[PDB]
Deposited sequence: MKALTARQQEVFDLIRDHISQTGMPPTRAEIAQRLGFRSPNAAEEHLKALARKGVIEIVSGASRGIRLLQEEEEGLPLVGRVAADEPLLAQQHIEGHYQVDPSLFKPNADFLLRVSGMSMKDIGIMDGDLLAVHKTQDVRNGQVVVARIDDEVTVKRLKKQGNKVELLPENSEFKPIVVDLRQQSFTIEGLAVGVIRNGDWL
């Protein structure tokens, strides 16, 4: 049982993912298509703030959520795509609010 964020609920064993999934999120756009995360996919997410460079994360940049690969160095935070047509996003912790919502641990596609 996994909730979609509550907008819906799906009967998919949370323990099929490691770490375990806490919720699902609907993906918008093709910024992460090169690693198989497509528009309309449901992303399985483990709620946590402890992540590292190279992992795919869910971040909130001042009221907006995005799914990208992390590359952080101190106060400099880069959120990178997996699509050559997209620009990387750069954030400065000293100016705008930045929060890690979780770690991507899986995907469910049932269009």
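Coordinate coverage of the deposited sequence is interrupted at 1-74, 80-93, 200-202, where no C-alpha atom was modelled.
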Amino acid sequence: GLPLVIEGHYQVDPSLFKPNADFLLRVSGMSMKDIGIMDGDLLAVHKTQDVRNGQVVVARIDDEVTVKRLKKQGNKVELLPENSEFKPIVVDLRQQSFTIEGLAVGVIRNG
From here on, numbers count along this sequence of modelled residues.
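Taking the mean C-alpha B-factor of each stretch as recorded, 10-18 and 83-91 are not equal, and the higher mean is that of 10-18. In this entry, the higher average B-factor at the C-alpha atoms falls on 96-104, of the pair 19-27 and 96-104. Residue set 34, 78, 63, 39: peak C-alpha B-factor at 63 (per PDB entry).
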